[PDB]
Every structure is written in structure tokens, then in C-alpha cells.
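Next comes work.csv, with CSV, C-alpha atoms and all ligand atoms.
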chain,number,residue,atom,x,y,z
A,3,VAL,CA,44.8,131.2,49.5
A,4,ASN,CA,44.8,135.0,48.6
A,5,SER,CA,43.2,137.4,46.0
A,6,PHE,CA,46.3,138.0,43.8
A,7,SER,CA,45.6,136.8,40.2
A,8,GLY,CA,47.7,136.3,37.1
A,9,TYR,CA,51.1,136.3,38.9
A,10,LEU,CA,54.1,134.3,37.6
A,11,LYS,CA,55.5,132.3,40.6
A,12,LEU,CA,59.3,132.7,40.6
A,13,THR,CA,60.1,131.0,44.0
A,14,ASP,CA,58.4,129.6,47.0
A,15,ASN,CA,57.5,133.1,48.2
A,16,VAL,CA,58.1,135.6,45.3
A,17,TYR,CA,55.5,136.2,42.5
A,18,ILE,CA,55.6,138.7,39.6
A,19,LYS,CA,53.2,140.3,37.2
A,20,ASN,CA,53.0,143.0,34.5
A,21,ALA,CA,50.5,145.3,36.2
A,22,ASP,CA,49.8,148.9,37.2
A,23,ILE,CA,50.6,149.0,40.9
A,24,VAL,CA,47.8,151.6,41.5
A,25,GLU,CA,45.4,149.5,39.4
A,26,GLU,CA,46.5,146.3,41.2
A,27,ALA,CA,46.1,147.9,44.6
A,28,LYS,CA,42.7,149.3,43.7
A,29,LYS,CA,41.5,145.8,42.7
A,30,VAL,CA,43.1,143.6,45.5
A,31,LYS,CA,43.0,146.1,48.4
A,32,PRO,CA,46.0,144.3,49.9
A,33,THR,CA,46.8,144.5,53.6
A,34,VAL,CA,50.2,146.1,52.5
A,35,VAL,CA,51.2,148.1,49.4
A,36,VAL,CA,54.8,149.1,49.3
A,37,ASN,CA,55.7,152.6,48.1
A,38,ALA,CA,59.1,153.4,46.5
A,39,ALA,CA,59.7,156.3,48.9
A,40,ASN,CA,62.4,158.8,49.5
A,41,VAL,CA,63.7,159.9,52.9
A,42,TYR,CA,61.5,163.1,52.8
A,43,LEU,CA,58.4,161.2,51.8
A,44,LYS,CA,58.0,163.6,48.9
A,45,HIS,CA,55.9,161.6,46.5
A,46,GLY,CA,56.6,163.5,43.3
A,47,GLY,CA,57.0,160.8,40.6
A,48,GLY,CA,57.5,157.2,39.8
A,49,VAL,CA,55.7,154.8,42.3
A,50,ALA,CA,55.3,157.5,45.0
A,51,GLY,CA,54.0,160.0,42.4
A,52,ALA,CA,51.4,157.5,41.0
A,53,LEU,CA,50.3,156.1,44.4
A,54,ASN,CA,50.0,159.5,45.9
A,55,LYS,CA,47.9,160.8,42.9
A,56,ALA,CA,45.6,157.8,43.3
A,57,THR,CA,45.0,158.9,46.9
A,58,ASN,CA,44.1,162.5,45.8
A,59,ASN,CA,47.2,163.7,47.7
A,60,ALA,CA,46.0,162.3,51.0
A,61,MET,CA,49.2,160.2,51.1
A,62,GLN,CA,51.3,163.4,50.8
A,63,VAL,CA,49.3,165.2,53.5
A,64,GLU,CA,49.7,162.3,55.9
A,65,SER,CA,53.4,162.0,55.0
A,66,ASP,CA,54.1,165.7,55.6
A,67,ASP,CA,52.7,165.4,59.2
A,68,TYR,CA,54.9,162.2,59.7
A,69,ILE,CA,58.0,164.1,58.7
A,70,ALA,CA,57.2,167.1,60.7
A,71,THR,CA,56.9,164.9,63.8
A,72,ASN,CA,59.7,162.3,63.2
A,73,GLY,CA,62.1,163.8,60.7
A,74,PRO,CA,63.4,162.0,57.6
A,75,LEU,CA,63.7,158.2,57.1
A,76,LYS,CA,67.0,156.5,56.6
A,77,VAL,CA,68.1,155.2,53.2
A,78,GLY,CA,67.3,151.4,53.6
A,79,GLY,CA,64.5,152.3,56.2
A,80,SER,CA,60.8,152.4,56.2
A,81,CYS,CA,57.6,153.5,58.0
A,82,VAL,CA,54.1,152.2,58.0
A,83,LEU,CA,51.3,154.7,57.2
A,84,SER,CA,47.8,154.5,55.9
A,85,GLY,CA,47.0,152.7,52.6
A,86,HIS,CA,44.2,155.2,52.1
A,87,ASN,CA,41.9,154.0,49.3
A,88,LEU,CA,44.6,151.5,48.0
A,89,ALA,CA,45.4,149.1,50.8
A,90,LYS,CA,45.0,148.8,54.6
A,91,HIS,CA,48.6,150.0,55.1
A,92,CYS,CA,51.3,151.6,53.0
A,93,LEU,CA,54.9,150.5,53.8
A,94,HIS,CA,57.0,153.4,52.6
A,95,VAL,CA,60.5,151.8,51.9
A,96,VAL,CA,63.5,153.9,50.9
A,97,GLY,CA,65.8,152.1,48.5
A,98,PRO,CA,69.1,153.7,47.5
A,99,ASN,CA,68.8,156.2,44.6
A,100,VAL,CA,71.7,155.7,42.3
A,101,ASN,CA,70.9,159.1,40.7
A,102,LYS,CA,71.9,160.6,44.2
A,103,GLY,CA,75.1,158.3,44.5
A,104,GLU,CA,73.7,156.1,47.4
A,105,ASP,CA,75.3,152.7,48.3
A,106,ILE,CA,73.5,149.9,46.3
A,107,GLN,CA,74.4,147.5,49.3
A,108,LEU,CA,71.6,149.4,51.1
A,109,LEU,CA,69.2,147.7,48.7
A,110,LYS,CA,69.3,144.5,50.8
A,111,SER,CA,68.6,146.5,54.0
A,112,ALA,CA,65.6,148.1,52.2
A,113,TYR,CA,64.1,144.7,51.2
A,114,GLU,CA,64.6,143.4,54.8
A,115,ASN,CA,61.7,145.7,55.8
A,116,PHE,CA,59.3,143.5,53.8
A,117,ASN,CA,60.0,140.6,56.2
A,118,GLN,CA,57.9,142.4,58.9
A,119,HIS,CA,54.8,141.8,56.8
A,120,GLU,CA,53.4,138.3,55.9
A,121,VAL,CA,52.1,139.4,52.4
A,122,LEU,CA,52.8,142.5,50.4
A,123,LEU,CA,52.1,144.1,47.0
A,124,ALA,CA,55.3,145.8,45.9
A,125,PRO,CA,57.4,147.4,43.1
A,126,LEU,CA,61.0,146.5,42.6
A,127,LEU,CA,63.0,148.7,44.9
A,128,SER,CA,65.5,151.2,43.5
A,129,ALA,CA,64.2,150.5,39.9
A,130,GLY,CA,62.8,153.1,37.6
A,131,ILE,CA,63.8,156.7,38.4
A,132,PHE,CA,65.9,155.4,41.4
A,133,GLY,CA,68.4,154.3,38.8
A,134,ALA,CA,69.3,150.7,39.8
A,135,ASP,CA,69.4,147.7,37.5
A,136,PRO,CA,65.9,146.0,38.0
A,137,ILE,CA,67.5,142.6,37.3
A,138,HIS,CA,69.7,143.2,40.3
A,139,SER,CA,66.8,144.4,42.4
A,140,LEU,CA,64.8,141.2,41.6
A,141,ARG,CA,67.8,139.1,42.6
A,142,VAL,CA,68.2,141.0,46.0
A,143,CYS,CA,64.4,140.7,46.5
A,144,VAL,CA,64.4,136.9,46.0
A,145,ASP,CA,67.5,136.4,48.2
A,146,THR,CA,66.3,138.7,51.0
A,147,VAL,CA,62.5,138.6,51.3
A,148,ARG,CA,61.2,135.5,53.0
A,149,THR,CA,57.5,136.6,53.3
A,150,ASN,CA,55.1,136.4,50.4
A,151,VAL,CA,55.7,139.3,47.9
A,152,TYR,CA,53.7,140.0,44.8
A,153,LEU,CA,55.8,142.2,42.5
A,154,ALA,CA,54.1,144.6,40.0
A,155,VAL,CA,56.4,145.4,37.0
A,156,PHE,CA,55.4,148.8,35.3
A,157,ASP,CA,56.9,147.9,31.9
A,158,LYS,CA,55.8,145.0,29.6
A,159,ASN,CA,59.2,145.0,28.0
A,160,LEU,CA,61.0,145.0,31.4
A,161,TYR,CA,58.6,142.3,32.8
A,162,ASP,CA,59.5,140.0,29.9
A,163,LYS,CA,63.2,140.6,30.4
A,164,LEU,CA,63.0,140.0,34.2
A,165,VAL,CA,61.2,136.6,33.6
A,166,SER,CA,63.4,135.5,30.7
A,167,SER,CA,66.7,136.3,32.6
A,168,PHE,CA,65.6,134.9,36.0
A,169,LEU,CA,67.9,132.3,37.5
A,201,LIG,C1,53.4,154.4,37.7
A,201,LIG,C2,54.8,153.8,37.9
A,201,LIG,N1,55.9,154.5,37.7
A,201,LIG,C3,57.0,153.9,37.9
A,201,LIG,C4,56.9,152.6,38.3
A,201,LIG,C5,58.1,151.7,38.6
A,201,LIG,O1,59.2,152.1,38.2
A,201,LIG,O2,58.0,150.6,39.3
A,201,LIG,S1,55.2,152.3,38.4
Now, as a test, write the supplied structure out as C-alpha cells.
Amino acid sequence: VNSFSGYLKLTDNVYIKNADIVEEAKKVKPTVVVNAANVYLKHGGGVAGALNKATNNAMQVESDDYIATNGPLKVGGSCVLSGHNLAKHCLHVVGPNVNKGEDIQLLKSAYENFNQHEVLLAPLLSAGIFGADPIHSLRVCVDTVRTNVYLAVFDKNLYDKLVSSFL
């Protein structure tokens, strides 16, 4: 049994809700929240922008030190950093950004990072300002992630379309 409430169970391991990821993280304090990161961990907008704002920029400060030591992530890659006031840990995952021309086949590689964590609160990778089709992102998620994932959908309209169209 876990703390997650109000989620629509899609498969054995994937759940979905219309929820504010910051507000959901603040309520649950999950072991892992996933950030929709870029390779530079520059948390300017979308999921990263919102999560980082909710940490009062502490996520960005920590991320800048990570990059100064390690250099950029790979598209499809990830790193584990603090969850600050939102979670124990933040898994920063880089999905391909279609608005930069990145290979959408890297979306599966991005989701494979979730399998290193037994339970996660996450957004749909490469959705929103990363430019991918969120229906496609949900399909790759269900077909890739084997651990228990609780997906927070930012839009009520999009949430209803994802559920209604789910095979
Ligand atoms: C505050 C948020 N902005 C974008 C989200 C998303 O595309 O998942 S959540």
C-alpha cells in the first residue's frame, strides 16, 4: 500500500491523475519525483521550471554544481539529486526535445531510467514544451516502465484525452 490517492489505474504498474506535480509532490513526499530535465539541468520552464520554483531555486543551485563537476547529461539519460522540499530524491530525466530535433526513439531510453526505482511520481516525458505527442509518451511509458509509476497530467483536457484514447 502507498500514499498516492485518486489515481486511475491503467495497467498492473502504471497509474494516472489530473494533478499539479508540485502540489502532488508537496502532499505525498514521494521517495522519487521525476523532473523533465534538459542536458544542462537548466530548469527554466515546464516541469523543471515549476519544480525548481517550488524549491526556491535550491534545485537549480544543486544542479549547477552537478554540471560544473560532471558535465551535461545525455539525451535519454538521468541523474539522481536531492528532492529538496518535494521528495526524498529527484530523478532528472532527459527526454528528447522535438523542438531541438532530437530522435524520438530516445524516449524509450529515457523511460528505462524509471526502472531503477521501485515507485515514482512522474510527468509524461517529452510532453509539453518538449514537443512530443503525449499519447505516444504514455504508450512508451506503459511499454517500457516495469516499476510502479504515478503519472501527473498537467492539463484536464489532455488527461481526459489520454484516458479516453488508452488502449
Ligand atoms: C507546471 C507544469 N508545466 C508543464 C507540465 C507538463 O507539461 O507536464 S507541469
Kindly compile the residues surrounding ligand LIG 201 (chain A) within 7 Å, counting all atoms listed in the file, and format them as a PyMOL selection string.
chain A and resi 22-23+48-49+52+125-126+129-131+155-156
Once you count only C-alpha atoms, which residues end up no further than 9 Å from (55.9, 159.3, 47.9) in the file's frame, shown as a VMD selection string?
chain A and resid 37 to 40 42 to 54 61 to 62 65 94
What does the file look like for those residues with C-alpha atoms, as an mmCIF file, keeping the file's coordinate frame?
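Output saved as part27.cif:
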data_model
loop_
_atom_site.group_PDB
_atom_site.id
_atom_site.type_symbol
_atom_site.label_atom_id
_atom_site.label_comp_id
_atom_site.auth_asym_id
_atom_site.auth_seq_id
_atom_site.Cartn_x
_atom_site.Cartn_y
_atom_site.Cartn_z
ATOM 1 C CA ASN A 37 55.700 152.600 48.100
ATOM 2 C CA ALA A 38 59.100 153.400 46.500
ATOM 3 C CA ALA A 39 59.700 156.300 48.900
ATOM 4 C CA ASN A 40 62.400 158.800 49.500
ATOM 5 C CA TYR A 42 61.500 163.100 52.800
ATOM 6 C CA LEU A 43 58.400 161.200 51.800
ATOM 7 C CA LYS A 44 58.000 163.600 48.900
ATOM 8 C CA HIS A 45 55.900 161.600 46.500
ATOM 9 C CA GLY A 46 56.600 163.500 43.300
ATOM 10 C CA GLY A 47 57.000 160.800 40.600
ATOM 11 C CA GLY A 48 57.500 157.200 39.800
ATOM 12 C CA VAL A 49 55.700 154.800 42.300
ATOM 13 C CA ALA A 50 55.300 157.500 45.000
ATOM 14 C CA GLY A 51 54.000 160.000 42.400
ATOM 15 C CA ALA A 52 51.400 157.500 41.000
ATOM 16 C CA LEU A 53 50.300 156.100 44.400
ATOM 17 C CA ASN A 54 50.000 159.500 45.900
ATOM 18 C CA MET A 61 49.200 160.200 51.100
ATOM 19 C CA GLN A 62 51.300 163.400 50.800
ATOM 20 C CA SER A 65 53.400 162.000 55.000
ATOM 21 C CA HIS A 94 57.000 153.400 52.600
#
For residue 84 (chain A), which of A:33, A:5, A:150, A:118 is the closest residue, counting only C-alpha atoms?
A:33
Neighbours of region 115-117 of chain A within 6 Å (all atoms listed in the file; same-chain residues fewer than 2 positions away dropped), as a ChimeraX atom specification?
/A:112-113,119,147,149
Of the candidates A:71, A:80, A:128, A:159, which shows the shortest atom-to-atom distance to residue 97 (chain A), using only C-alpha atoms?
A:128
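When CA of residue 15 (chain A) is paired with CA of residue 81 (chain A), their separation reads 22.6 Å.
Atom to atom, CA of residue 21 (chain A) and CA of residue 162 (chain A) stand 12.2 Å apart.
Among the candidates A:60, A:109, A:123, A:100, the one nearest to residue 32 (chain A) when counting only C-alpha atoms is A:123.
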Taking (54.2, 138.0, 36.6) in the file's coordinates, which residues come within 8 Å, counting only C-alpha atoms, written as an MDAnalysis selection string?
chainID A and resid 8:11 17:20 153:155 161 165
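Closest approach to residue 145 (chain A) among A:86, A:29, A:110, A:55 is made by A:110 (distances from only C-alpha atoms).
From CA of residue 63 (chain A) back to CA of residue 111 (chain A), the distance works out to 26.9 Å.
Nearest residue to residue 121 (chain A), choosing from A:169, A:75, A:93, A:41 and counting all atoms listed in the file: A:93.
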